[PDB]
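So this block is model.pdb, PDB, C-alpha atoms and all ligand atoms:
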ATOM      1  CA  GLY G   6     -25.084  -4.645   6.132  1.00  0.00           C
ATOM      2  CA  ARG G   7     -21.833  -6.522   6.931  1.00  0.00           C
ATOM      3  CA  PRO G   8     -20.006  -5.773  10.272  1.00  0.00           C
ATOM      4  CA  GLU G   9     -17.011  -4.256   8.460  1.00  0.00           C
ATOM      5  CA  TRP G  10     -18.875  -1.662   6.340  1.00  0.00           C
ATOM      6  CA  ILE G  11     -18.348   1.104   8.902  1.00  0.00           C
ATOM      7  CA  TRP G  12     -14.585   0.800   8.465  1.00  0.00           C
ATOM      8  CA  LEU G  13     -14.991   0.749   4.673  1.00  0.00           C
ATOM      9  CA  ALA G  14     -17.051   3.957   4.910  1.00  0.00           C
ATOM     10  CA  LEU G  15     -14.397   5.656   7.076  1.00  0.00           C
ATOM     11  CA  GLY G  16     -11.679   4.525   4.677  1.00  0.00           C
ATOM     12  CA  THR G  17     -13.649   5.916   1.714  1.00  0.00           C
ATOM     13  CA  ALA G  18     -14.054   9.218   3.542  1.00  0.00           C
ATOM     14  CA  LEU G  19     -10.382   9.557   4.514  1.00  0.00           C
ATOM     15  CA  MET G  20      -9.075   8.576   1.054  1.00  0.00           C
ATOM     16  CA  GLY G  21     -11.594  10.905  -0.569  1.00  0.00           C
ATOM     17  CA  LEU G  22     -10.634  13.906   1.570  1.00  0.00           C
ATOM     18  CA  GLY G  23      -6.926  13.186   1.065  1.00  0.00           C
ATOM     19  CA  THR G  24      -7.450  12.964  -2.691  1.00  0.00           C
ATOM     20  CA  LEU G  25      -9.212  16.365  -2.817  1.00  0.00           C
ATOM     21  CA  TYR G  26      -6.580  18.157  -0.745  1.00  0.00           C
ATOM     22  CA  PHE G  27      -3.716  16.669  -2.783  1.00  0.00           C
ATOM     23  CA  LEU G  28      -5.520  17.616  -6.006  1.00  0.00           C
ATOM     24  CA  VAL G  29      -6.153  21.223  -4.902  1.00  0.00           C
ATOM     25  CA  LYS G  30      -2.595  21.785  -3.648  1.00  0.00           C
ATOM     26  CA  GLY G  31      -0.990  20.087  -6.658  1.00  0.00           C
ATOM     27  CA  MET G  32      -3.001  22.168  -9.131  1.00  0.00           C
ATOM     28  CA  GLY G  33      -1.567  25.377  -7.692  1.00  0.00           C
ATOM     29  CA  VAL G  34       2.144  24.464  -7.763  1.00  0.00           C
ATOM     30  CA  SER G  35       4.009  25.541 -10.914  1.00  0.00           C
ATOM     31  CA  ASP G  36       7.274  23.670 -10.299  1.00  0.00           C
ATOM     32  CA  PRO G  37       7.553  20.728 -12.783  1.00  0.00           C
ATOM     33  CA  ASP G  38       9.176  18.389 -10.262  1.00  0.00           C
ATOM     34  CA  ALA G  39       6.767  19.282  -7.467  1.00  0.00           C
ATOM     35  CA  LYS G  40       3.978  18.509  -9.944  1.00  0.00           C
ATOM     36  CA  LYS G  41       5.226  14.941 -10.624  1.00  0.00           C
ATOM     37  CA  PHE G  42       5.081  14.046  -6.909  1.00  0.00           C
ATOM     38  CA  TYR G  43       1.652  15.670  -6.575  1.00  0.00           C
ATOM     39  CA  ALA G  44       0.219  13.782  -9.564  1.00  0.00           C
ATOM     40  CA  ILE G  45       1.542  10.407  -8.389  1.00  0.00           C
ATOM     41  CA  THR G  46       0.399  10.906  -4.786  1.00  0.00           C
ATOM     42  CA  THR G  47      -3.048  12.249  -5.705  1.00  0.00           C
ATOM     43  CA  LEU G  48      -3.487   9.247  -8.041  1.00  0.00           C
ATOM     44  CA  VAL G  49      -2.569   6.838  -5.210  1.00  0.00           C
ATOM     45  CA  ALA G  50      -5.265   8.286  -2.914  1.00  0.00           C
ATOM     46  CA  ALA G  51      -7.821   8.416  -5.766  1.00  0.00           C
ATOM     47  CA  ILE G  52      -7.377   4.708  -6.606  1.00  0.00           C
ATOM     48  CA  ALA G  53      -7.707   3.788  -2.907  1.00  0.00           C
ATOM     49  CA  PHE G  54     -10.841   5.966  -2.638  1.00  0.00           C
ATOM     50  CA  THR G  55     -12.506   4.244  -5.599  1.00  0.00           C
ATOM     51  CA  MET G  56     -11.717   0.716  -4.324  1.00  0.00           C
ATOM     52  CA  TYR G  57     -12.889   1.412  -0.744  1.00  0.00           C
ATOM     53  CA  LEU G  58     -16.038   2.853  -2.299  1.00  0.00           C
ATOM     54  CA  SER G  59     -16.564  -0.239  -4.500  1.00  0.00           C
ATOM     55  CA  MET G  60     -16.181  -2.536  -1.459  1.00  0.00           C
ATOM     56  CA  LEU G  61     -18.463  -0.319   0.593  1.00  0.00           C
ATOM     57  CA  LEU G  62     -21.050  -0.900  -2.165  1.00  0.00           C
ATOM     58  CA  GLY G  63     -20.663  -4.699  -2.286  1.00  0.00           C
ATOM     59  CA  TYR G  64     -17.989  -5.303  -4.924  1.00  0.00           C
ATOM     60  CA  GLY G  65     -14.559  -6.884  -4.762  1.00  0.00           C
ATOM     61  CA  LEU G  66     -15.778  -9.605  -2.413  1.00  0.00           C
ATOM     62  CA  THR G  67     -15.817 -13.346  -3.054  1.00  0.00           C
ATOM     63  CA  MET G  68     -16.391 -16.481  -0.952  1.00  0.00           C
ATOM     64  CA  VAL G  69     -13.449 -18.859  -1.234  1.00  0.00           C
ATOM     65  CA  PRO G  70     -13.855 -22.375   0.173  1.00  0.00           C
ATOM     66  CA  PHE G  71     -11.232 -23.696   2.600  1.00  0.00           C
ATOM     67  CA  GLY G  72     -10.856 -25.016   6.132  1.00  0.00           C
ATOM     68  CA  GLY G  73     -14.402 -26.355   5.836  1.00  0.00           C
ATOM     69  CA  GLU G  74     -15.947 -22.886   5.435  1.00  0.00           C
ATOM     70  CA  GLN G  75     -16.999 -20.281   2.872  1.00  0.00           C
ATOM     71  CA  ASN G  76     -14.482 -17.549   3.591  1.00  0.00           C
ATOM     72  CA  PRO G  77     -15.143 -13.837   2.797  1.00  0.00           C
ATOM     73  CA  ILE G  78     -12.191 -12.628   0.714  1.00  0.00           C
ATOM     74  CA  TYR G  79     -12.033  -8.969  -0.341  1.00  0.00           C
ATOM     75  CA  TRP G  80     -10.117  -9.155  -3.589  1.00  0.00           C
ATOM     76  CA  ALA G  81     -10.745  -5.508  -4.456  1.00  0.00           C
ATOM     77  CA  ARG G  82      -7.823  -4.814  -2.110  1.00  0.00           C
ATOM     78  CA  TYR G  83      -5.281  -6.313  -4.548  1.00  0.00           C
ATOM     79  CA  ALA G  84      -6.759  -4.268  -7.437  1.00  0.00           C
ATOM     80  CA  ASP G  85      -5.965  -1.223  -5.298  1.00  0.00           C
ATOM     81  CA  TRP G  86      -2.488  -2.351  -4.172  1.00  0.00           C
ATOM     82  CA  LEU G  87      -1.431  -3.606  -7.624  1.00  0.00           C
ATOM     83  CA  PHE G  88      -1.265   0.063  -8.680  1.00  0.00           C
ATOM     84  CA  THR G  89      -0.826   2.029  -5.446  1.00  0.00           C
ATOM     85  CA  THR G  90       2.145   0.139  -4.000  1.00  0.00           C
ATOM     86  CA  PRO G  91       4.479   0.554  -7.006  1.00  0.00           C
ATOM     87  CA  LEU G  92       3.366   4.224  -7.293  1.00  0.00           C
ATOM     88  CA  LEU G  93       4.427   4.828  -3.667  1.00  0.00           C
ATOM     89  CA  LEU G  94       7.776   3.175  -4.482  1.00  0.00           C
ATOM     90  CA  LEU G  95       7.976   5.540  -7.475  1.00  0.00           C
ATOM     91  CA  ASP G  96       7.588   8.572  -5.188  1.00  0.00           C
ATOM     92  CA  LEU G  97      10.535   7.296  -3.093  1.00  0.00           C
ATOM     93  CA  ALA G  98      12.669   6.428  -6.142  1.00  0.00           C
ATOM     94  CA  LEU G  99      12.158   9.909  -7.611  1.00  0.00           C
ATOM     95  CA  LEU G 100      13.052  11.465  -4.259  1.00  0.00           C
ATOM     96  CA  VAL G 101      16.532   9.876  -4.167  1.00  0.00           C
ATOM     97  CA  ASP G 102      17.016   9.790  -7.950  1.00  0.00           C
ATOM     98  CA  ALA G 103      17.297   5.996  -8.029  1.00  0.00           C
ATOM     99  CA  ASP G 104      18.198   4.661 -11.488  1.00  0.00           C
ATOM    100  CA  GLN G 105      16.099   2.861 -14.112  1.00  0.00           C
ATOM    101  CA  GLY G 106      17.226  -0.666 -13.300  1.00  0.00           C
ATOM    102  CA  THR G 107      16.442  -0.288  -9.597  1.00  0.00           C
ATOM    103  CA  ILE G 108      12.948   1.081 -10.209  1.00  0.00           C
ATOM    104  CA  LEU G 109      12.197  -1.717 -12.676  1.00  0.00           C
ATOM    105  CA  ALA G 110      13.399  -4.429 -10.312  1.00  0.00           C
ATOM    106  CA  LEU G 111      11.393  -2.847  -7.478  1.00  0.00           C
ATOM    107  CA  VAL G 112       8.170  -2.567  -9.516  1.00  0.00           C
ATOM    108  CA  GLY G 113       8.684  -6.138 -10.729  1.00  0.00           C
ATOM    109  CA  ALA G 114       9.102  -7.425  -7.155  1.00  0.00           C
ATOM    110  CA  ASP G 115       6.013  -5.441  -6.180  1.00  0.00           C
ATOM    111  CA  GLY G 116       4.091  -7.103  -9.005  1.00  0.00           C
ATOM    112  CA  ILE G 117       5.144 -10.527  -7.678  1.00  0.00           C
ATOM    113  CA  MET G 118       4.155  -9.513  -4.119  1.00  0.00           C
ATOM    114  CA  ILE G 119       0.578  -8.522  -5.036  1.00  0.00           C
ATOM    115  CA  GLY G 120       0.209 -11.280  -7.617  1.00  0.00           C
ATOM    116  CA  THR G 121       1.216 -14.189  -5.390  1.00  0.00           C
ATOM    117  CA  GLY G 122      -0.656 -12.487  -2.537  1.00  0.00           C
ATOM    118  CA  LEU G 123      -3.936 -12.625  -4.499  1.00  0.00           C
ATOM    119  CA  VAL G 124      -3.322 -16.178  -5.744  1.00  0.00           C
ATOM    120  CA  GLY G 125      -2.864 -17.175  -2.095  1.00  0.00           C
ATOM    121  CA  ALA G 126      -5.999 -15.308  -0.994  1.00  0.00           C
ATOM    122  CA  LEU G 127      -7.917 -17.333  -3.640  1.00  0.00           C
ATOM    123  CA  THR G 128      -6.324 -20.794  -3.183  1.00  0.00           C
ATOM    124  CA  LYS G 129      -8.665 -23.578  -2.086  1.00  0.00           C
ATOM    125  CA  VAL G 130      -6.087 -25.878  -0.474  1.00  0.00           C
ATOM    126  CA  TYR G 131      -5.495 -24.422   3.005  1.00  0.00           C
ATOM    127  CA  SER G 132      -1.797 -25.317   3.293  1.00  0.00           C
ATOM    128  CA  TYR G 133      -0.997 -23.923  -0.156  1.00  0.00           C
ATOM    129  CA  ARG G 134      -2.548 -20.575   0.770  1.00  0.00           C
ATOM    130  CA  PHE G 135       0.493 -20.196   3.044  1.00  0.00           C
ATOM    131  CA  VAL G 136       2.975 -21.235   0.362  1.00  0.00           C
ATOM    132  CA  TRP G 137       1.804 -18.280  -1.775  1.00  0.00           C
ATOM    133  CA  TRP G 138       1.752 -15.967   1.291  1.00  0.00           C
ATOM    134  CA  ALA G 139       5.375 -16.973   2.034  1.00  0.00           C
ATOM    135  CA  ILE G 140       6.496 -16.077  -1.500  1.00  0.00           C
ATOM    136  CA  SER G 141       4.663 -12.739  -1.374  1.00  0.00           C
ATOM    137  CA  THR G 142       6.355 -11.853   1.935  1.00  0.00           C
ATOM    138  CA  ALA G 143       9.800 -12.763   0.547  1.00  0.00           C
ATOM    139  CA  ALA G 144       9.079 -10.419  -2.371  1.00  0.00           C
ATOM    140  CA  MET G 145       8.182  -7.640   0.097  1.00  0.00           C
ATOM    141  CA  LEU G 146      11.335  -8.226   2.118  1.00  0.00           C
ATOM    142  CA  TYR G 147      13.394  -7.738  -1.071  1.00  0.00           C
ATOM    143  CA  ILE G 148      11.674  -4.382  -1.637  1.00  0.00           C
ATOM    144  CA  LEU G 149      12.242  -3.295   1.994  1.00  0.00           C
ATOM    145  CA  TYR G 150      15.897  -4.382   1.791  1.00  0.00           C
ATOM    146  CA  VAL G 151      16.407  -2.201  -1.305  1.00  0.00           C
ATOM    147  CA  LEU G 152      14.626   0.800   0.265  1.00  0.00           C
ATOM    148  CA  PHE G 153      16.716   0.489   3.440  1.00  0.00           C
ATOM    149  CA  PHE G 154      20.126  -0.467   2.091  1.00  0.00           C
ATOM    150  CA  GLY G 155      20.013   0.798  -1.495  1.00  0.00           C
ATOM    151  CA  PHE G 156      17.940   3.985  -1.473  1.00  0.00           C
ATOM    152  CA  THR G 157      19.180   5.364   1.846  1.00  0.00           C
ATOM    153  CA  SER G 158      22.668   5.155   0.376  1.00  0.00           C
ATOM    154  CA  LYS G 159      21.444   6.897  -2.806  1.00  0.00           C
ATOM    155  CA  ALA G 160      19.923   9.702  -0.709  1.00  0.00           C
ATOM    156  CA  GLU G 161      23.577  10.286   0.290  1.00  0.00           C
ATOM    157  CA  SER G 162      24.144  12.374  -2.826  1.00  0.00           C
ATOM    158  CA  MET G 163      21.129  14.539  -1.965  1.00  0.00           C
ATOM    159  CA  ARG G 164      20.861  17.581   0.287  1.00  0.00           C
ATOM    160  CA  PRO G 165      20.007  17.254   4.032  1.00  0.00           C
ATOM    161  CA  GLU G 166      16.422  18.443   3.403  1.00  0.00           C
ATOM    162  CA  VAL G 167      15.779  15.657   0.877  1.00  0.00           C
ATOM    163  CA  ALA G 168      17.791  12.957   2.666  1.00  0.00           C
ATOM    164  CA  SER G 169      15.903  13.917   5.813  1.00  0.00           C
ATOM    165  CA  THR G 170      12.479  13.668   4.111  1.00  0.00           C
ATOM    166  CA  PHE G 171      13.323  10.308   2.531  1.00  0.00           C
ATOM    167  CA  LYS G 172      14.277   8.785   5.910  1.00  0.00           C
ATOM    168  CA  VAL G 173      10.916   9.643   7.476  1.00  0.00           C
ATOM    169  CA  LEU G 174       9.018   8.273   4.457  1.00  0.00           C
ATOM    170  CA  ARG G 175      11.275   5.219   4.393  1.00  0.00           C
ATOM    171  CA  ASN G 176      10.632   4.656   8.107  1.00  0.00           C
ATOM    172  CA  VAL G 177       6.854   5.027   7.750  1.00  0.00           C
ATOM    173  CA  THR G 178       6.922   2.639   4.753  1.00  0.00           C
ATOM    174  CA  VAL G 179       9.028  -0.072   6.451  1.00  0.00           C
ATOM    175  CA  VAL G 180       6.864  -0.044   9.612  1.00  0.00           C
ATOM    176  CA  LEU G 181       3.498  -0.056   7.805  1.00  0.00           C
ATOM    177  CA  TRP G 182       4.331  -2.489   4.990  1.00  0.00           C
ATOM    178  CA  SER G 183       5.843  -5.030   7.397  1.00  0.00           C
ATOM    179  CA  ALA G 184       2.441  -5.152   9.155  1.00  0.00           C
ATOM    180  CA  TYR G 185       0.416  -6.319   6.142  1.00  0.00           C
ATOM    181  CA  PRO G 186       1.720  -9.898   6.005  1.00  0.00           C
ATOM    182  CA  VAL G 187       0.902 -10.329   9.708  1.00  0.00           C
ATOM    183  CA  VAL G 188      -2.683  -9.008   9.327  1.00  0.00           C
ATOM    184  CA  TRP G 189      -3.182 -11.398   6.390  1.00  0.00           C
ATOM    185  CA  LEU G 190      -1.725 -14.345   8.347  1.00  0.00           C
ATOM    186  CA  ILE G 191      -3.979 -13.983  11.405  1.00  0.00           C
ATOM    187  CA  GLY G 192      -7.081 -12.621   9.634  1.00  0.00           C
ATOM    188  CA  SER G 193      -9.769 -13.825   7.190  1.00  0.00           C
ATOM    189  CA  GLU G 194      -7.207 -14.807   4.529  1.00  0.00           C
ATOM    190  CA  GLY G 195      -5.110 -17.022   6.801  1.00  0.00           C
ATOM    191  CA  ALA G 196      -5.678 -18.393  10.296  1.00  0.00           C
ATOM    192  CA  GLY G 197      -9.086 -16.767  10.664  1.00  0.00           C
ATOM    193  CA  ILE G 198      -8.236 -15.651  14.188  1.00  0.00           C
ATOM    194  CA  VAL G 199      -8.979 -11.943  13.823  1.00  0.00           C
ATOM    195  CA  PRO G 200     -12.592 -11.297  12.671  1.00  0.00           C
ATOM    196  CA  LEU G 201     -13.222  -9.567   9.328  1.00  0.00           C
ATOM    197  CA  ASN G 202     -14.601  -6.407  10.979  1.00  0.00           C
ATOM    198  CA  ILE G 203     -11.429  -5.927  13.060  1.00  0.00           C
ATOM    199  CA  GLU G 204      -9.234  -7.006  10.140  1.00  0.00           C
ATOM    200  CA  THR G 205     -10.915  -4.366   7.957  1.00  0.00           C
ATOM    201  CA  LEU G 206     -10.207  -1.743  10.667  1.00  0.00           C
ATOM    202  CA  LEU G 207      -6.529  -2.787  10.741  1.00  0.00           C
ATOM    203  CA  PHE G 208      -6.129  -2.584   6.957  1.00  0.00           C
ATOM    204  CA  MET G 209      -7.964   0.769   6.905  1.00  0.00           C
ATOM    205  CA  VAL G 210      -5.577   2.239   9.482  1.00  0.00           C
ATOM    206  CA  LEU G 211      -2.583   0.897   7.537  1.00  0.00           C
ATOM    207  CA  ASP G 212      -3.867   1.967   4.112  1.00  0.00           C
ATOM    208  CA  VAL G 213      -4.778   5.499   5.173  1.00  0.00           C
ATOM    209  CA  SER G 214      -1.464   5.891   7.023  1.00  0.00           C
ATOM    210  CA  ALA G 215       0.602   4.534   4.109  1.00  0.00           C
ATOM    211  CA  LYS G 216      -1.096   6.761   1.508  1.00  0.00           C
ATOM    212  CA  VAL G 217      -2.588   9.903   3.070  1.00  0.00           C
ATOM    213  CA  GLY G 218      -0.111   9.889   5.966  1.00  0.00           C
ATOM    214  CA  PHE G 219       2.839   9.316   3.610  1.00  0.00           C
ATOM    215  CA  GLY G 220       1.347  11.856   1.165  1.00  0.00           C
ATOM    216  CA  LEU G 221       0.992  14.688   3.709  1.00  0.00           C
ATOM    217  CA  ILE G 222       4.594  14.203   4.871  1.00  0.00           C
ATOM    218  CA  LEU G 223       5.877  14.074   1.279  1.00  0.00           C
ATOM    219  CA  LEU G 224       3.889  16.957  -0.265  1.00  0.00           C
ATOM    220  CA  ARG G 225       4.458  19.481   2.510  1.00  0.00           C
ATOM    221  CA  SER G 226       8.231  19.013   2.345  1.00  0.00           C
ATOM    222  CA  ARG G 227      10.693  21.095   0.331  1.00  0.00           C
ATOM    223  CA  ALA G 228      12.357  17.969  -1.101  1.00  0.00           C
ATOM    224  CA  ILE G 229       9.760  17.715  -3.913  1.00  0.00           C
ATOM    225  CA  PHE G 230      11.094  20.880  -5.531  1.00  0.00           C
ATOM    226  CA  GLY G 231      13.588  20.223  -8.314  1.00  0.00           C
TER     227      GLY G 231
HETATM  228  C1  LIG Z 301      -1.782   1.654   0.171  1.00  0.00           C
HETATM  229  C2  LIG Z 301      -1.358   0.299   0.346  1.00  0.00           C
HETATM  230  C3  LIG Z 301      -0.112  -0.108   0.747  1.00  0.00           C
HETATM  231  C4  LIG Z 301       1.066   0.759   1.086  1.00  0.00           C
HETATM  232  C5  LIG Z 301      -0.087  -1.556   0.794  1.00  0.00           C
HETATM  233  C6  LIG Z 301       0.987  -2.297   1.144  1.00  0.00           C
HETATM  234  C7  LIG Z 301       0.687  -3.724   1.073  1.00  0.00           C
HETATM  235  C8  LIG Z 301       1.625  -4.657   1.384  1.00  0.00           C
HETATM  236  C9  LIG Z 301       3.039  -4.374   1.826  1.00  0.00           C
HETATM  237  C10 LIG Z 301       1.104  -6.001   1.253  1.00  0.00           C
HETATM  238  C11 LIG Z 301       1.757  -7.175   1.494  1.00  0.00           C
HETATM  239  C12 LIG Z 301       1.313  -8.597   1.412  1.00  0.00           C
HETATM  240  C13 LIG Z 301       2.309  -9.536   1.766  1.00  0.00           C
HETATM  241  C14 LIG Z 301       3.746  -9.359   2.197  1.00  0.00           C
HETATM  242  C15 LIG Z 301       1.984 -11.050   1.753  1.00  0.00           C
HETATM  243  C16 LIG Z 301       0.494 -11.415   1.814  1.00  0.00           C
HETATM  244  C17 LIG Z 301      -0.403 -10.580   0.977  1.00  0.00           C
HETATM  245  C18 LIG Z 301      -0.163  -9.046   0.972  1.00  0.00           C
HETATM  246  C19 LIG Z 301      -0.460  -8.575  -0.501  1.00  0.00           C
HETATM  247  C20 LIG Z 301      -1.315  -8.540   1.940  1.00  0.00           C
END
Since I need it in another form, could you write the structure as structure tokens?
Amino acid sequence: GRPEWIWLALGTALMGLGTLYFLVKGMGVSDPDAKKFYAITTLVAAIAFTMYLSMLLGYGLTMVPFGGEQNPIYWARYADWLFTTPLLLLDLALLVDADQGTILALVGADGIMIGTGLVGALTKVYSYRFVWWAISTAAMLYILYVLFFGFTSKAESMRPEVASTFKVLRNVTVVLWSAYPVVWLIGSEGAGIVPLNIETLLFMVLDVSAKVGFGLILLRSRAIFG
């Protein structure tokens, strides 16, 4: 019964409830466009629910040696984010009608971000763990640059309702995503300053906010209608 399980149980519950609500509401809408957003967003919550559940049950956890200790690394997180982060970017891209090349470059950068992030979380040479972390953060900053400079401009061709909805989602995304590299840096994966139970609480608040929070804002808006 690890100290962080209570936060994993609360995360499972919140992701589960969000998944159900998104599923029920999406199943009733007939609009084709509205449906796309509902399917993507419900999938994002569903994947998070399953991974929180797996971790709650003892999976996705491995001891990596470094800094003279056996460090508890929850790798199930990257299995979640590998698929949920680019899906969230997809929601945003579809909202502003971004083009093919942009989406591909964004998803590719997102793949690098999660990939190098996991390599770093598994690296046994302490200093190198931060080399990988640095590359992952640079990848994330590219994504945030594109969402802020590129997309916002693209939402210029949209109607107030949609441009308005994108800004809120963009703002929530930029604030939440920018927090992840800091939590990693000071937590179990990096400096080991913040204990795993508190770190798990921090990631749970961020995850739930970035998926269920983002989802509620997105799905209740009129901008999802084609
Ligand atoms: C539902 C999950 C979301 C929206 C997750 C977002 C996760 C990030 C923006 C993660 C970023 C990371 C870095 C910038 C570097 C270190 C490792 C990561 C993967 C924690």
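All polymer residues at most 7 Å from (-9.8, -10.2, 0.2), using only C-alpha atoms, appear as residues 66, 77, 78, 79, 80, 81, 82, 126 and 194 of chain G.
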Expected answer as a tab-separated table (two decimals) with C-alpha atoms, in the frame of the given file: residues within 8 Å of ligand LIG 301 (chain Z), all atoms listed in the file:
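The resulting file, part33.tsv, is reproduced below:
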chain	number	residue	atom	x	y	z
G	49	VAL	CA	-2.57	6.84	-5.21
G	53	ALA	CA	-7.71	3.79	-2.91
G	83	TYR	CA	-5.28	-6.31	-4.55
G	85	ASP	CA	-5.96	-1.22	-5.30
G	86	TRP	CA	-2.49	-2.35	-4.17
G	89	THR	CA	-0.83	2.03	-5.45
G	90	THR	CA	2.14	0.14	-4.00
G	93	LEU	CA	4.43	4.83	-3.67
G	118	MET	CA	4.16	-9.51	-4.12
G	119	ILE	CA	0.58	-8.52	-5.04
G	120	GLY	CA	0.21	-11.28	-7.62
G	121	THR	CA	1.22	-14.19	-5.39
G	122	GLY	CA	-0.66	-12.49	-2.54
G	123	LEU	CA	-3.94	-12.62	-4.50
G	125	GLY	CA	-2.86	-17.18	-2.10
G	126	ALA	CA	-6.00	-15.31	-0.99
G	137	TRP	CA	1.80	-18.28	-1.78
G	138	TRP	CA	1.75	-15.97	1.29
G	139	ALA	CA	5.38	-16.97	2.03
G	140	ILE	CA	6.50	-16.08	-1.50
G	141	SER	CA	4.66	-12.74	-1.37
G	142	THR	CA	6.36	-11.85	1.94
G	143	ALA	CA	9.80	-12.76	0.55
G	144	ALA	CA	9.08	-10.42	-2.37
G	145	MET	CA	8.18	-7.64	0.10
G	146	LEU	CA	11.34	-8.23	2.12
G	178	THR	CA	6.92	2.64	4.75
G	181	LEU	CA	3.50	-0.06	7.80
G	182	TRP	CA	4.33	-2.49	4.99
G	183	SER	CA	5.84	-5.03	7.40
G	184	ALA	CA	2.44	-5.15	9.15
G	185	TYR	CA	0.42	-6.32	6.14
G	186	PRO	CA	1.72	-9.90	6.00
G	187	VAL	CA	0.90	-10.33	9.71
G	188	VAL	CA	-2.68	-9.01	9.33
G	189	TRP	CA	-3.18	-11.40	6.39
G	190	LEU	CA	-1.72	-14.34	8.35
G	211	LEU	CA	-2.58	0.90	7.54
G	212	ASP	CA	-3.87	1.97	4.11
G	213	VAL	CA	-4.78	5.50	5.17
G	215	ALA	CA	0.60	4.53	4.11
G	216	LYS	CA	-1.10	6.76	1.51
Considering only C-alpha atoms, state which residue in the set G:129, G:227, G:175, G:134 is at the smallest distance from residue 149 in chain G.
-> G:175
Please write as a ChimeraX atom specification the full residue list that the PyMOL selection byres (((chain G and resi 12) around 10) and not hetatm) yields on this file.
-> /G:8-11,13-18,57,61,202-210
Keeping only C-alpha atoms, take the residues you just selected and write them out as a PDB file, keeping the file's coordinate frame.
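Written output follows (again_33.pdb):
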ATOM      1  CA  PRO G   8     -20.006  -5.773  10.272  1.00  0.00           C
ATOM      2  CA  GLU G   9     -17.011  -4.256   8.460  1.00  0.00           C
ATOM      3  CA  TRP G  10     -18.875  -1.662   6.340  1.00  0.00           C
ATOM      4  CA  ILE G  11     -18.348   1.104   8.902  1.00  0.00           C
ATOM      5  CA  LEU G  13     -14.991   0.749   4.673  1.00  0.00           C
ATOM      6  CA  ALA G  14     -17.051   3.957   4.910  1.00  0.00           C
ATOM      7  CA  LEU G  15     -14.397   5.656   7.076  1.00  0.00           C
ATOM      8  CA  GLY G  16     -11.679   4.525   4.677  1.00  0.00           C
ATOM      9  CA  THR G  17     -13.649   5.916   1.714  1.00  0.00           C
ATOM     10  CA  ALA G  18     -14.054   9.218   3.542  1.00  0.00           C
ATOM     11  CA  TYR G  57     -12.889   1.412  -0.744  1.00  0.00           C
ATOM     12  CA  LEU G  61     -18.463  -0.319   0.593  1.00  0.00           C
ATOM     13  CA  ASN G 202     -14.601  -6.407  10.979  1.00  0.00           C
ATOM     14  CA  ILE G 203     -11.429  -5.927  13.060  1.00  0.00           C
ATOM     15  CA  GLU G 204      -9.234  -7.006  10.140  1.00  0.00           C
ATOM     16  CA  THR G 205     -10.915  -4.366   7.957  1.00  0.00           C
ATOM     17  CA  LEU G 206     -10.207  -1.743  10.667  1.00  0.00           C
ATOM     18  CA  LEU G 207      -6.529  -2.787  10.741  1.00  0.00           C
ATOM     19  CA  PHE G 208      -6.129  -2.584   6.957  1.00  0.00           C
ATOM     20  CA  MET G 209      -7.964   0.769   6.905  1.00  0.00           C
ATOM     21  CA  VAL G 210      -5.577   2.239   9.482  1.00  0.00           C
TER      22      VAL G 210
END
With all atoms listed in the file as the counted atoms, please give the residues lying no more than 9 Å from range 71-75 of chain G, apart from itself and same-chain residues fewer than 5 positions off, as a short mmCIF file (atom, residue, chain, number, x, y, z; two decimals) with C-alpha atoms, keeping the file's coordinate frame.
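What ended up in around.cif:
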data_model
loop_
_atom_site.label_atom_id
_atom_site.label_comp_id
_atom_site.auth_asym_id
_atom_site.auth_seq_id
_atom_site.Cartn_x
_atom_site.Cartn_y
_atom_site.Cartn_z
CA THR G 128 -6.32 -20.79 -3.18
CA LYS G 129 -8.66 -23.58 -2.09
CA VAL G 130 -6.09 -25.88 -0.47
CA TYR G 131 -5.50 -24.42 3.00
#
Would you give me, as JSON lines, each residue of range 55-158 of chain G having an atom within 10 Å of an atom of range 222-226 of chain G, along with its shortest atom pair and that distance in Å to one decimal, using all atoms listed in the file and sorting by chain and residue number?
{"residue": "G:96", "atom": "CA", "partner": "G:223", "partner_atom": "CA", "distance": 8.7}
{"residue": "G:97", "atom": "CA", "partner": "G:223", "partner_atom": "CA", "distance": 9.3}
{"residue": "G:100", "atom": "CA", "partner": "G:223", "partner_atom": "CA", "distance": 9.4}
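Atom to atom, CA of residue 165 in chain G and CA of residue 43 in chain G stand 21.3 Å apart.
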Hey, what comes out of the PyMOL selection byres (((chain G and resi 107) around 12) and not hetatm) on this file? Could you write it as a tab-separated table (two decimals) with C-alpha atoms, in the frame of the given file?
chain	number	residue	atom	x	y	z
G	94	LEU	CA	7.78	3.18	-4.48
G	95	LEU	CA	7.98	5.54	-7.48
G	97	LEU	CA	10.54	7.30	-3.09
G	98	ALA	CA	12.67	6.43	-6.14
G	99	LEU	CA	12.16	9.91	-7.61
G	101	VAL	CA	16.53	9.88	-4.17
G	102	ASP	CA	17.02	9.79	-7.95
G	103	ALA	CA	17.30	6.00	-8.03
G	104	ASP	CA	18.20	4.66	-11.49
G	105	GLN	CA	16.10	2.86	-14.11
G	106	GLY	CA	17.23	-0.67	-13.30
G	108	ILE	CA	12.95	1.08	-10.21
G	109	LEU	CA	12.20	-1.72	-12.68
G	110	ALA	CA	13.40	-4.43	-10.31
G	111	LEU	CA	11.39	-2.85	-7.48
G	112	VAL	CA	8.17	-2.57	-9.52
G	113	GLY	CA	8.68	-6.14	-10.73
G	114	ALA	CA	9.10	-7.42	-7.16
G	147	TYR	CA	13.39	-7.74	-1.07
G	148	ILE	CA	11.67	-4.38	-1.64
G	151	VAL	CA	16.41	-2.20	-1.30
G	152	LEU	CA	14.63	0.80	0.26
G	155	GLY	CA	20.01	0.80	-1.50
G	156	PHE	CA	17.94	3.98	-1.47
G	159	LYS	CA	21.44	6.90	-2.81
Residue 231 in chain G environment, 9 Å, all atoms listed in the file, sequence neighbours closer than 5 positions dropped, as a ChimeraX atom specification = /G:36-39
